[PDB]
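One structure is given below, encoded as structure tokens.
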Amino acid sequence: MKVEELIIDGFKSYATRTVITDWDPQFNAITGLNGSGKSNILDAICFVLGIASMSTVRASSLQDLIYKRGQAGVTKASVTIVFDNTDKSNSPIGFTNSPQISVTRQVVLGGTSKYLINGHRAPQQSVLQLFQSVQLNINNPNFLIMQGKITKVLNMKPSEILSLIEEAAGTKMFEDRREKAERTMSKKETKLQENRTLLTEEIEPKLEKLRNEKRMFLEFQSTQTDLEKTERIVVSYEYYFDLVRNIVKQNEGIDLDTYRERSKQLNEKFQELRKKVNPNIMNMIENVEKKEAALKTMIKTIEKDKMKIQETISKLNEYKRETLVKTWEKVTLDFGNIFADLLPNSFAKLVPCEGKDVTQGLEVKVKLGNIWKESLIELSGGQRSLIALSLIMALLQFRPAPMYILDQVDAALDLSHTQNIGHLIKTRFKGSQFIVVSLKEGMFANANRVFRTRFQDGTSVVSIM
Amino acid sequence: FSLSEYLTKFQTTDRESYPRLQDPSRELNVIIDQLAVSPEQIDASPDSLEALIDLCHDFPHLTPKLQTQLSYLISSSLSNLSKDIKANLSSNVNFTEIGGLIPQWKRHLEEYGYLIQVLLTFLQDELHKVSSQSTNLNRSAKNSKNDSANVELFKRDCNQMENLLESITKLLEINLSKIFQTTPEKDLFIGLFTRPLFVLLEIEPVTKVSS
Ligand SMILES: [Mg+2]
């Protein structure tokens, strides 16, 4: 995904529609005076790729990214980026049949942002999954060194140095999804446990009361048949026009008073069981029996579902660990060789922490000569810049991300190492689009494309120098 | 023949574990030849009783032509018997001869009610099966290779459903308080005619069609 056009509308120092074209796929270099808008170009690229923590875009809010906080006529802030797809090997999934991919993020005042791909709207998970497939994740980057953060890559905790190798291996998108999966499964597990204890306390007691009144309803239906036989015989015998004669000549000579008090003693049980049990309890108990059986089948399938998901993530963790070790060996070898080529008579390796495992975190260890540095706090800003640059280029040598953004990685390097970094990006590390902001001429004089940035009339312009 | 123990034999126990007859065509065709001239003549011979009651029980195991002509058999027999009892009761005849035919009428109605119960139950089972895994089966538009056979199954089971409900509408015109005397047995008969409709109404595209 080589960037071909970048369209910035209403961003931090950009008040108009600025369209930057003529991007060379090998090495682009942004220059200009101080306060011109170079890091705002890189902040626009970070913003179109998606940020959560707005301190890396240098804002305290989202309306702080619009021009003059949106209170100067430009009430919207939209960033458009266009990617070329003549190389289908680094193309994302599903977008192979489109030679150009446009992504735009818009934010207006008051509300929050909204994304669109190729003109058509999309939520943030779609564009985040689009950019997390060519390892262009901004929320945990292995390609973005912002301004003043080149001498601080070696100050990182071992989980972050592990996460860079994890993003190179391809398993960081599995790791954050696995942690989200465990959290979501815990929340749905306590919800299902509340539902199970509600089923145990509130349903089956009422179900056995329903079974009790079911068997009393069979008794009441026996008395129902008793009424519609005996009371029919009774009202036939006091009615006495030929059918009543035919139903008299089967039971000739039934005693009147005993039949009358038997009718009364049947009707008193009837006026009791009329307010005892409802006459439609059989369809009701069939309905709630089907509901309880389907409910318990659902709970069993949910439990087997959780067991299958848990055993599958436990099986995937082993392949994650094996590809992490296989990535880490090649990356630390190329780390040592690139640091030996940049700074002569030196070496650097990535080592698992003392006593713990490789998948717990990694630490940089630096050799200058034949002595091992016990702590890397005693190194200069230029040496730490070279170790950080050699680590990022080792991650390039494993699996090259398409866009490497470097905001002033040469602020602590001398005039020899700056020209050597420019030469090694122009010659050796082909295979990625480099967007470097520099002020030292030895870096952007070895460039294939140079964009000057200037401040005029209240806005910023980008001129192809 | 009796109703209640056969009804709790079908409902409470398992329904789809019924045995498979070896050659349904010859027995159902001679049943048709018995019933092309006399709709009530299953009663007099118990081999025809068990033959009908187990050629209905294997309804998800037949072929569709046999299914549609069995549905036409059930609908035709119910319509002819309901017309006969309507023409007998609506006339000015005495109570003696209609009372002599009323056990024949009531037991024929038990037979046909059990048959209509098991056909509507298996039909709502198959309709829930074909409508569960699908998206929209209200019309035959925007279909595929197997989806066209799916919606044709939908339309043919809905058409024999319409024929069976035509037979049910033809039944309930008669005063069933004359035929069924006491309200438990009348409640059982109307409940076995109305229960599979109330479980059929669960299906979302069954209530979407109009007839
Ligand atoms: Mg800057």
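These protein sequence lines map, in sequence, to chains A and D.
With the deposited numbering applied, the first sequence covers 1 to 240, 946 to 1170.
Numbering of the second sequence is given in the deposited numbering, commencing with residue 4 and proceeding in unit increments.
A virtual CB, placed ideally from N, CA and C, is assigned to each residue, including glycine.
Check, Outcome
"Nearest-angstrom beta carbon gap, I1169 of chain A and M1148 of chain A [assumed within contact, 8 Å]", "Not quite, the Cβ-Cβ distance comes to about 18 Å (not below 8 Å), so this is no contact."
"CB contact below 7 Å: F13 of chain D versus chain A", "no"
"Local Cβ density within 10 Å of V154 of chain D, reported as buried at 16 or more and exposed below that", "buried"
"For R1159 of chain A, the first and last residue of its enclosing beta strand (DSSP E)", "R1154 to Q1161"
"Residue closest to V982 of chain A, alpha-carbon to alpha-carbon, out of A:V1166, A:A168 and A:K209", "A:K209"
"Beta carbon proximity, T16 of chain D to chain A, threshold 7 Å", "no"
"Same chain, Cβ closer than 8 Å to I986 of chain A, five either side skipped, listed in chain order", "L210, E213, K214 and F217"
"Whether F27 of chain A touches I1130 of chain A by CB criterion (7 Å)", "yes"
"Residue-chain proximity (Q955 of chain A, chain D), Cβ-Cβ < 7 Å", "no"
"CB contact below 7 Å: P199 of chain D versus chain A", "no"
"Proximity winner among A:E991, A:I138, A:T223 and A:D1162, relative to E973 of chain A (alpha-carbon distances)", "A:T223"
"Proximal residues to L128 of chain A (C-beta, below 7 Å), its chain only, five neighbours per side dropped", "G50"
"Inter-residue spacing [alpha-carbon to alpha-carbon] between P92 of chain A and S102 of chain A", "13 Å"
"7 Å Cβ cutoff, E213 of chain A in contact with chain D", "no"
"Interface residues of the region 218-236 of chain A facing chain D [CB-CB below 7 Å]", "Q221, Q224, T225 and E228"
"Contiguous alpha helix (DSSP H) assignments of at least 4 residues, all confined to the region 125-198 of chain A", "158-169"
"Environment of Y240 of chain A [buried if 16+ CB atoms lie within 10 Å]", "exposed"
"Neighbour-count burial assignment, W23 of chain A, 16 or more Cβ in a 10 Å radius", "buried"
"Rounded straight-line distance, which links the Cα of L126 of chain D to that of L204 of chain D", "12 Å"
"Beta carbon proximity, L978 of chain A to chain D, threshold 7 Å", "no"
"Extent of the continuous beta strand (DSSP E) to which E5 of chain A belongs", "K2 to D9"
"Interface flag, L948 of chain A vs chain D, CB-CB below 7 Å", "yes"
"Any non-hydrogen atom of ligand 1 within 6 Å of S1165 of chain A CB", "no"
"Any non-hydrogen atom of ligand 1 within 6 Å of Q135 of chain A CB", "no"
"Within-7 Å CB hit, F125 of chain D to chain A", "no"
"Close-in-space but distant-in-sequence residues of the same chain around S236 of chain A (CB under 6 Å, 5 per side omitted)", "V949 and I952"
"Cβ-based contacts, 9 Å cut-off: residues of the region 90-104 of chain D near chain A", "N97, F98, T99 and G102"
"Residues near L1067 of chain A in its chain [Cβ-Cβ closer than 6 Å; skip 5 each side]", "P158, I161, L162 and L1055"
"Short CB-CB distance (under 7 Å) between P106 of chain D and chain A", "no"
"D128 of chain D: first and last residue of the uninterrupted alpha helix (DSSP H) it sits in", "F98 to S135"
"Buried versus exposed call for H1128 of chain A [16 or more other C-beta atoms within 10 Å across all chains shown]", "exposed"
"C-beta neighbour in chain A for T138 of chain D, strict 7 Å", "no"
"Beta carbon nearer than 7 Å to a non-hydrogen atom of ligand 1", "A:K38, A:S39, A:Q147, A:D1112, A:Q1113 and A:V1142"
"Backbone CA spacing between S39 of chain A and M173 of chain A [nearest angstrom]", "28 Å"
"Test item: CB-CB of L130 of chain D and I206 of chain D under 7 Å", "yes"
"DSSP beta-bridge partners of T31 of chain A", "A:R1157"
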